[PDB]
Structure formats: C-alpha cells, structure tokens
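J.: Can you keep this structure in mind? I'll have questions shortly.
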Amino acid sequence: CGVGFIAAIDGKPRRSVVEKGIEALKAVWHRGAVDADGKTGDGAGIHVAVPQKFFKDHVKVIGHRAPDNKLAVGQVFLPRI
Amino acid sequence: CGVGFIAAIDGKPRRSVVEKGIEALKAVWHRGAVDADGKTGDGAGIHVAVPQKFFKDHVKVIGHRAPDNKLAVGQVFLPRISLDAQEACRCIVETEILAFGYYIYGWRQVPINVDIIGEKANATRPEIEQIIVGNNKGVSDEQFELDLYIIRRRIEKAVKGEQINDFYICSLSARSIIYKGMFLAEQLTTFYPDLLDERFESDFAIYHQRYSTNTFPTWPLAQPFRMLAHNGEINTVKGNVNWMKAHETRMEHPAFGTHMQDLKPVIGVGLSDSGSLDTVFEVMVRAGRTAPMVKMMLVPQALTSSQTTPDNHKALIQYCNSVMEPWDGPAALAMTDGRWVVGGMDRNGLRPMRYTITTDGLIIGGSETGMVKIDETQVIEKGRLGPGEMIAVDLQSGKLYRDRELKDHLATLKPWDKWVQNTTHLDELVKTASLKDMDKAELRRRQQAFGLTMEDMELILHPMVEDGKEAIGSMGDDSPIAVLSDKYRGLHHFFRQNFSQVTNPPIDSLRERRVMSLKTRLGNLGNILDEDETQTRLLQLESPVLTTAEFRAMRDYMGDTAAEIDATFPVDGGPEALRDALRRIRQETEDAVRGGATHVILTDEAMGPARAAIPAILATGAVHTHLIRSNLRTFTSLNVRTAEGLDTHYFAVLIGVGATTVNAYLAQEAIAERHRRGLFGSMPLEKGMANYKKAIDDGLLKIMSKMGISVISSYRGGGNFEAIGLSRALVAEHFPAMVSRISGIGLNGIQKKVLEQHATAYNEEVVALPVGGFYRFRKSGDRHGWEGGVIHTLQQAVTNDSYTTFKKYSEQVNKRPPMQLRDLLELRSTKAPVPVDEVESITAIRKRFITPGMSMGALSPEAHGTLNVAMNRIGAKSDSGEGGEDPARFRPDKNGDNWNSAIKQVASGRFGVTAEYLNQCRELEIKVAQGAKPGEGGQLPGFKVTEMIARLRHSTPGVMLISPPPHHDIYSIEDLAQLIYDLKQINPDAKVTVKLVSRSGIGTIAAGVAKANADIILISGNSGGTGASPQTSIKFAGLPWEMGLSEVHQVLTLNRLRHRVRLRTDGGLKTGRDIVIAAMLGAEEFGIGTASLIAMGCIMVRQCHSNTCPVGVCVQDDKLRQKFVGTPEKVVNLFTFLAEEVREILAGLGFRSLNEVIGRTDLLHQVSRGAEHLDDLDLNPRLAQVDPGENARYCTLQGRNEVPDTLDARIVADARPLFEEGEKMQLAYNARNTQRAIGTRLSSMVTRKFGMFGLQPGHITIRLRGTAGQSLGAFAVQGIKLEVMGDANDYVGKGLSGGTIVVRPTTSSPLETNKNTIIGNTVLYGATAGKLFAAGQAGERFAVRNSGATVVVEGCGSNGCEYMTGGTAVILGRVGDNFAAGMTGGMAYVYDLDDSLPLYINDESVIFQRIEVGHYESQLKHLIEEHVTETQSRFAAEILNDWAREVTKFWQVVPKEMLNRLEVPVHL
Ligand SMILES: Cc1cc2nc3c(=O)[nH]c(=O)nc-3n(C[C@H](O)[C@H](O)[C@H](O)COP(=O)(O)O)c2cc1C
Ligand code: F3S
C-alpha cells in the first residue's frame, strides 16, 4: 500500500528515473499484507512515458519505414479462455 | 449424451413417472464423456410438473394460508462470489413481479450437497433459489402464463441493463419446473434431495444428458431449456438468426399488446443454437398455436413430388415452407407445452429415437431402447420415429396420436387447398411471354475487362454445355493464395467454402436428391404470428439462377414496381471512388425502398471506356447489410446481373451474401457466340442451355450439401464462408458475420487492381484473350510451386545421391518469391552455434517421417509396393490408403522386404475393411476428410477398376465407384467415440489416429477428439493431392495447414490436453526448412506426401483421372505399367537427404534435438514486402503462445490410452479350453445396454488363432437375455454365433465377416412379430460375408454398403439397401422411401401385399420384376426355410405354408448391371 513518483526538474528523459522507480517498488513489501503462499498479491502498477526509440526499432524490424513524428501505443486486456 | 421422455396417457399424475425418470437418468453414463477425476460431468437435466402440495405445505408451515388456485414457482441462479449483487437481483425481480398485482409469498433456499461436485464446476457454481408467487387476481390460467412470460422477458432485459453477470431464470411458470446442473447423470438424485419426497408427482418427465466439446462448464448452458430438449447440433444457425432479425421488424399479434414492443430482441446473445431455437419456439407457441403446428413450421418434412403424402398434407407443407424458413440439421426433438407432449425428428432423421407403449397407459421414449426396466409381459407395441414423423400425447383430453393420425388431425383446421391455390410458378408465365445481339469486338473487350482467359475458360465452360458435368481435376493445387498473387484476381478467389467434419455429417447428393429442394420465393415475407390466406400470394421459382429471356419475363411481369441501380464508378475519380460509390448506392437503395419499390435490381450494363464496374460481391454485401441494419429487408428482394459469373463457386458466393436471384447475361451471350461458329456439332442452343442450367444447379446443390444443408432458403444470406486476405474492418462493416483471422487488402488494393485491369483492357485494341495460367502451368504468369527445372534437378539429385545437387535443388525451391504464409516467416535464434555432430543422430529423425496413404485404385500396385518396401526398410511408418490391401502382402518375402503396411485406413466406404485386415497393422486411421476435397471422398472413374480392384473390394467390374461422403456411423461426436471404442477393441495393440482438415473452428473438434480417446491428430492442409476430383472443390476449399495446426495446438494446450496426444501435419512439404517450421509450430510427426511421387516417376502430367499416365504410376493397363522406372533406393536416399538437411538447419540454430524446439514461438518473426504496399498481414494471431504450465509442451505418455472393459473379457476367461484345444462351446449371459461391442475381442482372438475361415459355422455360441448395446457383434469372424432374446440397439452386425447373428423376441412377449422395431439404424454397415436373421422391423439405412452378406428382415425403413454392392437381402413387409438408391450389385426380394412398391423404390439403376425362373424361387424358398428354422417365427411359417399362393406377391429387385453378367439368365 502506497504511491510514489519521481520527476526530473529540468525535463530531460533518462534511464535513472525508471531505474529509481523500479528500485522504489522493490522496497514496499512490508506495508502490504503478507501471504503464506508466497505468490499472491494485491496488484501493483507503474506509469511512465512511451520510449519512442524502442517502438520505432520494432516497426523498422517489421519492415515499415519509421515515421518522423510521434507514435502511439495502446495496451489492451482481452479474454484468454 | 441422450434425451428421453416418459408420459402418462390417461392424464393422472403419479410418482412412478419421476421414479422411472430417475431410473433412466441413472443409466446414461456409458454414452457421455468419462473423466479421470470421477466427479466432473458434462451436464444433466430433468423437467417435471409442479408439486402443488409440497409448496402449499411450505407456505402453510411458514405461516400464511394456502390458496385454492394454482401456485407458481420460479427457479433462479444468482451470483455467488458477491453478496450485494444478490440484493440487486432480488430487488429487480421483486419490483418487476409486483408491478402487475401478484402477491409474493416468499423465497426458499434449495438444499443441496456440494460434495459431489468436481473441481472445475465448483469454481463457477452459482446460488440456486426459488420464489413462490400466488394468483390472487382470480384470473384464468392462460393470462397467468402469458403474464409470467412477459415478466420473465422484462426481468431479463432489466438485469441486462445493469450488466450484472451470471443471473439466469431457469423456469418461471405454474405448470412445470426444471432441475438442471453440471453434475453427472448418476448423482442427480443425490445433488437435489428434494426429488426424493413422495409428494413430487407429475404426469410427464423429460430428461437430457449433454456432451461437452471442451472442459470448462457453464451452468446456464445446461439442458433442458424452458420448452425444448435438443439432441445434436444445427447447421444453419447463422442464416436463421439473420432471418429472425429480419422478421423482428414486422411481427405483431393482439395477444400480447403494449408489452409486444418490449419483446423485440427475441434472440439474445451468448446462447448456443438450441437456446435460440427454444426461445423462438416459445415465442411462436405463446401467440396461440399448438405444439405440433409450430413443430411442423420450424422443421418441416421433405416435400417430395411422390404419391405417398395426400394432397391436404401437401398443401399444409407448402404453407409451412412459405411462412418461415426451416432449421436444418440433426435434431431429435422432444418438446412440451402445458397441454401437449410432442416427440419428433428432423428432415433426414440422423439421430435416432425409439418409444414403447405399456399396458399401464404409459409411454416411454428416448435414444436407446433398454433404458428403463420393463417386464416383457406388459409391452403392447414398439416402434420408432423415421424422417419427419412425430408422436403426440394430449394431456387435457388424454389421448395418443401417432404420425398419420396427428397429421390428419392437423390437416383439418383451415382450408389449406384454398390458400396455396393463390400462388403462381414462373414457368407458364415465361412460356406465354418469350413466344412474343452483341458483336465480337465488345464481347472480347468486356471479357478482357474481367480478365477471363481463353483456353482455361474453354477448359471448364465447354464440358458444361457438352455433357452437363463440371470439370474433373487430377492433382492438388499449388497456386499461391489470392493476396500473395500479383495479377488480377476477382473477389471470388478470396472466399473459401465451409464444411462439417465430425459434429454433423455431410449429405449425399447423387443418392438423396429427393429431400433437397431449390425453390425460391418472391413475396412471402411478412408477419409470422398471423394466420390468413393473404400471406401466401407470391412468386415461386424453381431455381435462383436466371437466364436472359426469363429475367426479361420476370421484369416485364413486375413492370413498374421495381427499381434499377447502376453498379459502376467513374475511373477519372480520385483515390476514393469506390468509397463514395458505395455510399451513393447505399443511400439510393435506401431511398428507393422507402419510396415503395418492393424489388431492387443490381446491374452493371453501364460499363464503358470511362466507367469501371464494381465487383458484385462487395456491392450486394453492402446493400444487404444496409437494408438489414435499417429494418427494410423484409420489404423487398435483391436481384443481381453479373458480367463475370462463370463457375458454380461464383453463384454460390453471390447467393450466400444475400441476393435472391442471380442473373448472368454475358455467359449466355458468349455461349451463343461460340455456338454460331459451329463448335458443338449438331446440338441446338436449347439443349446446350438446358445442359448448362442443369450443371449449374447440380454444382450449387453439391456446394450446399458440402456442409449439410437441404434447403436453399435457409442458406441465403447465411454467409458460410471465410475471407482469407481481407481487412477485418471491411469484412466487418460491408459483410455479414464472417471471420478473417489475418488481415488483408482493403478498399485501396481492390481499387488499384481493378483500375489497372480496366486500363489494360480499354486503352489497347485487344485481339484475343491471354492463354491463362491458373489451372495448368504457362509462361505468361502466375508462377507455381512445381516447375520443370525443379523436378529435373530433384530427380537427378535422388538418382545420383549427390548432396550438393540436392542442396542446389532446395536453394532453387526456397528462392522463388513468397507464395505461401511460411515464406513470410524468418526464423532467428539467439544463442551460439553448435557443431553439427552434436545434434541427434540421423536415424532418430528418419524414424519420424511417414508417407501418407494413397488409394490403390489411384496408383499402380508397383509404386505402392515400392513405397511400402522403402518405408519398411528405412525404419519409418508407411500408410495403406482407402483401397485396403492385397492379402498376398501379409507375409515377409524371401529377400527380407515386408510388403505390408504399417497403418491401415478406415475410409467412408469400408471398401477393404475385414477382420483379417484390421489386425495385420500397427496404428489404425480414421479419415474424416482429405485435404483436396473436404466433403466428397475419393472418386474413381468407371474404367480404372480392373478385375484386381473388383476382387479387392468385391465390387462389380467396370462400374463407377464413388464413396458416400458422410460416415454413415458418425452423425455426432458420440458416434465417433463409439467407433473409436470398437476400433480399440478389435485391435488390442494398435492406436487410433483421426485425420482432420484445417479450417476455422477446428479447435472445438480438436478438444472433442482429444476427449474421445484418440491418440494422434492428423491436420491436413489445402494443397494435398488427389486421384480424381472436381476442379471447384480443389480450387476454393480448405485453408493452409499452418493456421489450423497452430489453432489446434493452442486450443489443445489451453484445455490441458496437449500432453496426451501427438500432432502431425502434412500438405505441401518440399524442403527441410518447412519441416523445422512445422516442428516449431507444434507438430511432432511429418508426412512428406507427394514429393516421393515425383522422385518415383511422376512428372506432373495431371492425367491420373484418365488411366493414361505416361510414366505409368496411375494406370491400370498392362502397357503403361511396364514403363515404371521407380526404384526403392531412391526414396531411401531422398529421406536421408531430408534428414541431413534438417540436421544442418538444427545445428545452425544452436539446438540439439527436435524435442527441444516443439511448441516454441520465440524463434520466428514476420517479414513482409513494404514496397508491395498490401495491408500488412498481421500474423500475430498465429505466433501467439499459450503458457505451458507444468506439463511439457511436447510431452506424451508412453503406450496408448486406456479404455474400459466390456463383457468380452469375462467370456474369454471362461472359454479358456477353446484357445488350447479348439472345442465347441456354448455360453449364456444377461445383456444390458451399458455393454458395448460384444464379441469383438473374442473375434480378434479367434482371428489371431485360426484366421477367418478356419472354424466350421457355429463353433462357439453365445446366448444373451435382455437388450444388447451399440454395435452388437461387430466384426464377427466365421465361427461365432450370437443369439439374443429381447431387442438390439443399433449398428448391429457392423463389419460382419463370416459370423452369424440372430435376434428373436422372447417367447413370453405377446407382441406380433412383424409390427415392432427390433434393431436400430445403419444395420450391417460394410459387411463382407456371413448371415443375419432377425424377427422384426429395422431402422433407417438398413443394410447400407453391403457386399456379400445374407440378411433376412421382417420390414425395413427409409433408404434401405443404399449403395449395396453384393449379397442377398430378403425383406418381408412394407418398405420405406427411396428404397434401393444407388444400388450397384447383388439381388433383393420384397414381399409386397398391395402393389405399393413402385411408388417407393428408386428406379435409377435398378429394376423391379416378378420371379419366373425356378432357380431363384428355390433359393428364396431355402432362405426363408432356414430363417423360420432359426428364429421360430410364426409369420414366416404362415408365409411358407401358403407358398404356392404367396410366391406371386414377391417382387425381385435387380440392378441394371447384372443383366448380362449373371450366370443364371434372369430373363426368359
Ligand atoms: C494421387 C493421390 C492419391 C491420394 N489418395 C488418398 C487417399 O486415398 N486417401 C487419403 O486419405 N489421402 C489421399 N491422398 C492425400 C495424401 O494422403 C496426403 O494427405 C496429401 O497428399 C499430402 O499433401 P501433399 O499433396 O503436399 O503431399 C492422395 C494424394 C494423392 C496425390
Ligand atoms: S501428374 Fe499424375 S498421371 Fe502420373 S505422371 Fe504424375 S502422377
């Protein structure tokens, strides 16, 4: 249980912000309820900006020519059974 | 799986009815799917009347005073995981019931016992509660029932308004109650203990035990429903749902009133077909009609133009067909109103039903006969339910109506001869109208505009007008898929035809043409809940295809009431001419239909040098879906005129989209143009057009029957096709509900391609059409897979054993541009390479490949033996084919080359099945469908069958043999499980593998056949070869094997079953890279297929269907066979090189064994051509990987699966002296319907010990008391005798070989011998030799596919002796309909009594005459004498004593082929 946020005052993206976010999420195990199964949890989440370089590399490997302006990514949860 | 119903004729409620119902439900577990857990079931349910006394005592002990009128009880399933949602549901139902005035008495929690629930079911078990309502308004019962129905619909709508999940009102009424659940059938009375009180009395009881097609349960999907209990499935469910959405807009009846406007969405969502059928049934019943009327309206009888049905019945059937489209499919319906109880069958009568009348005024019916216990001294009469028949019980008056009595009762309500008299058939209208044009330049120009070839056009257009038969191909297709092409391809090259494999059977067309109709109607739509002579005033056409003169006749009949819309777009427009063209045509047709035009006509005569014609498919699709989504379709009809339609598939896809009458105006013009130049000989234009129309109609009927539909009106607009190569958005907007698992070209691609084609057409002065390279190879374009240089290089590399040449070959193969999906998949590993000696050995990989079966009737015995010897030597498993095999190959030769086959096939014809043949094998095979033709089966021309084949299949020489398409013993998955049981019984060592065909929706069938104890699934592609098959089924049927393989793998690892069976693919396998990709996708074994053929002498001449192969692999002549040049070492070298290339690839990847790669998808990637600009085929639906779990992706337990034991073991444990001395033996037992396949194992034992004809007849004999089970005495080798006292179930005598079966009613029973059904359906399916003596009637398709057996039966059913080939069948009494349909050889006798036989028998290839020669008289005399000596039947003795008088009544049925081949002259 808890929230948290990390921001760059100047405004230049970097790996340190995401790394510190993961590090912070790695140390909130004592507030939340403890399960004896050692597997189940309550649900967690992280929220960051879109790494355009990764997706541009992906679509380039697919075959398309990466467009010069910003891309968009949409995450969906569909049925599985 | 099974239905059943008990009812009391007098109408007095009692407890014995529920007692018998539960006693019946205790005895069904031997049919349904068993689970290794033991607590999980598929689904069970019971339906009884309401115990008023129980609920009255309940409300009394609660504190209220009981009323005098009836008391309604309603059962509900509420959510369980939550509690607040329960409160919302309670307040919803309460605020909706109290809105009418009825006073609530209270709720009640149903006491249950959860412990007998499995694990997967207890996870999703909802709360079960009951509500008690009283009728304090003092209203009649009918208003009470109608008000409760309205309440239920309103409650369902309201709770759907809040999106609450898992809320289901099982049944809310005051006449009946329903107890259904996901438990087994044996624990029902221990799940709901309320059913054990002596107060639950009723007068009727229905029960159902369903069969699952997956593992996950869902309680609201349990049978029975509120008014129905269906057994089987329904083919035409989509078309019927669409037509119901069409009828929804103009249906009214004063019985409901204002609340009518509330009941618009009559068919919900998420229900199976049975649920939709049930809700429409209930709607049509509540309006006022009785139960038999609506049953006749929903699934009518086949209207045949014969003299069997009276005239009033014919008018009634015509009215029923006119008011509403049918619901075709296998159905054994048992429905109940509050007053009637009806039990009936579907049109074809696939799934059986049998009933029994007691002396206690009690009727008991169901699927099997030995369900409930009844002493033999109380039965009065036993019967059955044939095609379309029914049986009714009237509970108010309390009477029993059989088929004809109920039909006469129904034919006396309204003047049915005065209503349908007001229709007209557009035949005389044409005769009196027609009695009252283009040059070659524009003809060639407008043919080139659509890209028609010239030779490949006359390759298929000429054989229609010349004879009246569609073209016949000779080899599987290798052309690229539609989207992967580069030239022009019409839309009809994209839509692939559907078909049914296992769930339901196809319908044979060349033998059952009397049940399939083609009438089309113009002006029948309207209010369905009304009943007046105004609805039946319409036009009735005999076929949806229309010529030119007939189209003009229909038009100037309609005159001004119609409208005309052009179907062209300006070529000079921008990149969005097609889009706004479609928008314009939709707006115009909507405005026109609003204006009052009741007939829309689509035409493209406006094509010229500046306007391009839209492909008709998209146009009619958009218009039809628009009229549907605007509530207008029931107003008008849709008519199309095309300038492209040439083949049957085009008309098929055009009608399936939703048009009513298709018109082809350019094809007839071209036929006339070719006629006026004198190419037909002396045939006038009239005979030519007649032959053309006949061929088109027959092709359409074949396309319809390919999936099991008997009526065209239920196929229009159903859209039974899959679009491979189209964008999901387009096919979802401008088309009905269809699937496209991968994307494809949209509006841009089609526009660009058609514009380029039009530019090529009208910019240049054309002279002649291109020669075309679609079917046969050419040099213009459309590159194929097999080319000359490729074949030459492969033959060189195999005959020289040079690995470098073989590598050059493989490089030449995998160099061509992308032609199949697997070309677009590039495989990339991540780890480091491994030296090549480190991967597994070569033998361990060569033992994985197999050679698929190819019928002996197709290829010469030389090549067959060559393949056998090669596969046996290399250490792999070969195949046999559908032609059986020659016995002389069942012994190892002197050189050490075993000429045997490692896998035997059980085709649909049983052309070589035998007890001596089923045990000389390793793993059996069941053929459901082949890759080339899904619903036709192997076809052999007339002259290919020499005397060798005629002795292998016992068939008559020089007669065309076509295998019956549907497996006459597989009408549902249950029968397939039963057949697998028999095949595992007869061979105690072999496995059983099913052969499937890749298509959409194969996942559920895969789950089913995995549950059905199968061991190896064989997914086949669409590019598989053939021996002889039509071109239409080759070109546009099936799907690539990769799609189906991945789909089966995912759906099979999702239900936690992949670790139990092996997956094996084939179809278009040439290199090693394809083998590696198939192994990555989920395969474990591989079938090489046709490659070996070309490495053995095949050079792709494509003339196998003519008996003139140059090299001589497919020929049954002496000369051409002598040119065979195949060598057994070639195949060995080929397999060795394949294995070596696979080794090289695997060592390059960085892996050590195929067992480390199966089921991996992180090794593939998609690459496509961006410069081609086609909409990128998103193959992510395929590469998707399911989580493995704890079981390995490829793992497979050792040894075959396990199967329960029958009585046979307890027989051989007793007959131990027989297997050591060979002594005569006689045993006795009691037989229950739980036992299955009595005697197959003992037959296997006596076969392995003595063969087939080693023992004298009657060596070991068994007597049975009671009712045997399915397949009594299957494959009884000569030496076994079985005598049963009682009744047999069905499939009796299947595969009999030399044995002897005898059935006789017990001496205590007072039944009459020749007025009762004693054996079920499809008796003696595929027998070979032996005898069968019965005393009683028989079921449908009696003695089908018989060759050599002798049978004597008192009566028969419909379609008796269908496709018989040899033997003798004596029948005493009435025969069914269509008797002796497709008979080839043998001889039959029939004891007629009223000369009514000519009105029943089919006189295509048989003739009926009288007996004149003393020889046949003596033969029949001896047969009947032996029969009466065997079964002690009094009726046969009464016949024999009056021999001199009764000899003249007998008719003799003789084929038209033995007129000159018989040793005895049949005619004086
Ligand atoms: C000439 C020929 C005859 C065939 N006969 C049969 C047959 O009788 N039964 C069957 O199940 N499959 C038959 N097949 C199909 C093969 O068993 C196999 O499924 C198919 O050829 C594999 O696809 P492929 O063309 O890429 O080799 C035949 C194929 C050919 C080419
Ligand atoms: S095309 Fe067919 S007829 Fe023989 S030579 Fe090849 S298998």
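Quick note on naming: the chains in the structure tokens go A, B, ... in the order shown, residues restart at 1 in each chain, and ligands are numbered from 1 in order of appearance.
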Can you work out which residues are within 7 Å of ligand 1, considering only C-alpha atoms and all ligand atoms, and then hand them over as a ChimeraX atom specification?

T.: /B:475-476,852-855,858-859,881-882,927,930-931,938,1020-1021,1023-1027,1066-1069,1087-1091

J.: Find the residues near segment 46-56 of chain A: any atom within 12 Å, counting only C-alpha atoms, skip ones fewer than 6 places away on the same chain, and give them as a PyMOL selection string.

T.: chain A and resi 3-7+12-15+17-26+62-75

J.: With N, CA, C and O atoms kept, could you save the residues just selected as a compact mmCIF listing (two decimals), in the first residue's frame?

T.:
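Okay, this is what ended up in out.txt:
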# COMPACT_ATOMS: atom_id res chain seq x y z
N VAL A 3 1.74 5.06 -2.74
CA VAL A 3 2.03 5.63 -4.05
C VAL A 3 3.43 6.21 -4.01
O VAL A 3 4.07 6.29 -2.97
N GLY A 4 3.90 6.61 -5.18
CA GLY A 4 5.16 7.32 -5.26
C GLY A 4 5.40 7.82 -6.66
O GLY A 4 4.84 7.31 -7.63
N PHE A 5 6.26 8.84 -6.76
CA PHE A 5 6.54 9.45 -8.04
C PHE A 5 7.95 10.02 -8.05
O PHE A 5 8.48 10.44 -7.02
N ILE A 6 8.56 9.99 -9.23
CA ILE A 6 9.89 10.54 -9.46
C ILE A 6 9.82 11.41 -10.70
O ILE A 6 9.25 11.00 -11.72
N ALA A 7 10.38 12.61 -10.62
CA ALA A 7 10.33 13.53 -11.75
C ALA A 7 11.66 14.25 -11.91
O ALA A 7 12.36 14.53 -10.94
N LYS A 12 14.71 16.37 -18.87
CA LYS A 12 15.40 15.56 -19.87
C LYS A 12 15.24 14.09 -19.53
O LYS A 12 15.64 13.67 -18.43
N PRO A 13 14.67 13.27 -20.41
CA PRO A 13 14.46 11.86 -20.07
C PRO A 13 15.78 11.11 -19.93
O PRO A 13 16.79 11.47 -20.53
N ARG A 14 15.75 10.06 -19.11
CA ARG A 14 16.94 9.26 -18.85
C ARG A 14 16.51 7.91 -18.30
O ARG A 14 15.34 7.67 -18.02
N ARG A 15 17.50 7.02 -18.15
CA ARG A 15 17.27 5.71 -17.57
C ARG A 15 17.19 5.74 -16.05
O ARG A 15 16.58 4.85 -15.45
N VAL A 17 15.54 7.60 -14.00
CA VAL A 17 14.20 7.76 -13.42
C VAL A 17 13.49 6.42 -13.35
O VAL A 17 12.96 6.04 -12.30
N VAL A 18 13.46 5.68 -14.46
CA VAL A 18 12.81 4.38 -14.46
C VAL A 18 13.52 3.43 -13.51
O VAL A 18 12.87 2.64 -12.80
N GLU A 19 14.85 3.49 -13.47
CA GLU A 19 15.59 2.60 -12.58
C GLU A 19 15.26 2.88 -11.12
O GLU A 19 15.05 1.96 -10.32
N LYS A 20 15.18 4.16 -10.75
CA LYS A 20 14.82 4.51 -9.38
C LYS A 20 13.38 4.15 -9.07
O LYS A 20 13.06 3.79 -7.93
N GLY A 21 12.49 4.22 -10.07
CA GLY A 21 11.12 3.77 -9.84
C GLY A 21 11.05 2.29 -9.53
O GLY A 21 10.36 1.87 -8.59
N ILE A 22 11.75 1.48 -10.32
CA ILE A 22 11.80 0.05 -10.04
C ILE A 22 12.41 -0.20 -8.67
O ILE A 22 11.94 -1.06 -7.91
N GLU A 23 13.47 0.54 -8.33
CA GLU A 23 14.11 0.36 -7.03
C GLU A 23 13.16 0.69 -5.89
O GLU A 23 13.14 0.01 -4.86
N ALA A 24 12.35 1.74 -6.06
CA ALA A 24 11.38 2.10 -5.02
C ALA A 24 10.31 1.02 -4.88
O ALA A 24 9.96 0.63 -3.77
N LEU A 25 9.78 0.53 -6.01
CA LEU A 25 8.81 -0.55 -5.94
C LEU A 25 9.41 -1.82 -5.35
O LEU A 25 8.66 -2.68 -4.88
N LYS A 26 10.73 -1.98 -5.39
CA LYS A 26 11.35 -3.16 -4.81
C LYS A 26 11.40 -3.14 -3.29
O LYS A 26 11.90 -4.10 -2.70
N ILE A 62 10.04 -4.91 -38.31
CA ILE A 62 8.89 -5.50 -39.00
C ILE A 62 9.00 -5.26 -40.51
O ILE A 62 8.66 -6.13 -41.31
N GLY A 63 9.47 -4.08 -40.90
CA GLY A 63 9.65 -3.78 -42.31
C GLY A 63 9.28 -2.38 -42.73
O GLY A 63 9.79 -1.87 -43.73
N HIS A 64 8.40 -1.73 -41.97
CA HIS A 64 7.96 -0.39 -42.32
C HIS A 64 9.09 0.62 -42.09
O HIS A 64 10.06 0.37 -41.37
N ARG A 65 8.94 1.78 -42.73
CA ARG A 65 9.84 2.90 -42.52
C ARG A 65 9.31 3.74 -41.36
O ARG A 65 8.18 4.23 -41.41
N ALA A 66 10.12 3.90 -40.33
CA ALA A 66 9.70 4.60 -39.13
C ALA A 66 9.33 6.04 -39.45
O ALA A 66 10.16 6.78 -39.99
N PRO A 67 8.11 6.48 -39.16
CA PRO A 67 7.74 7.87 -39.40
C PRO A 67 8.47 8.81 -38.45
O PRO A 67 8.90 8.44 -37.36
N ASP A 68 8.61 10.06 -38.89
CA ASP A 68 9.45 11.02 -38.18
C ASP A 68 8.76 11.64 -36.97
O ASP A 68 9.46 12.14 -36.08
N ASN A 69 7.43 11.62 -36.91
CA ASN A 69 6.73 12.21 -35.78
C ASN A 69 6.40 11.14 -34.75
O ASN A 69 6.74 9.96 -34.90
N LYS A 70 5.73 11.55 -33.67
CA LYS A 70 5.50 10.67 -32.54
C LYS A 70 4.56 9.52 -32.92
O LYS A 70 3.65 9.68 -33.73
N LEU A 71 4.80 8.37 -32.30
CA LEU A 71 3.97 7.19 -32.47
C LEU A 71 2.95 7.13 -31.33
O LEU A 71 2.89 8.02 -30.49
N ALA A 72 2.15 6.07 -31.30
CA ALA A 72 1.20 5.88 -30.22
C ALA A 72 1.06 4.39 -29.93
O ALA A 72 1.02 3.57 -30.85
N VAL A 73 0.96 4.06 -28.64
CA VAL A 73 0.90 2.68 -28.19
C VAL A 73 -0.34 2.51 -27.34
O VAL A 73 -0.60 3.31 -26.43
N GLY A 74 -1.12 1.46 -27.62
CA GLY A 74 -2.30 1.17 -26.85
C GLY A 74 -2.27 -0.21 -26.25
O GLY A 74 -2.11 -1.20 -26.97
N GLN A 75 -2.42 -0.31 -24.93
CA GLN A 75 -2.35 -1.57 -24.22
C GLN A 75 -3.76 -2.08 -23.95
O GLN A 75 -4.61 -1.34 -23.45

J.: For ligand 2, return the neighbouring residues as an MDAnalysis selection string (distance at most 12 Å; only C-alpha atoms and all ligand atoms).

T.: chainID B and resid 473:477 776 786 791 854 858:860 863 1025:1028 1090:1116 1120:1121 1123:1126

J.: With 8 Å as the limit and counting only C-alpha atoms, what residues in chain B lie close to chain A? Please list them as a ChimeraX atom specification.

T.: /B:1054,1166-1170

J.: For segment 754-764 of chain B, list every protein, DNA or RNA residue within 7 Å, evaluated using only C-alpha atoms, and leave out those in the same chain fewer than 3 positions away; present the list as an NGL selection string.

T.: :B and (445 or 448-449 or 488 or 609 or 612 or 750-751)
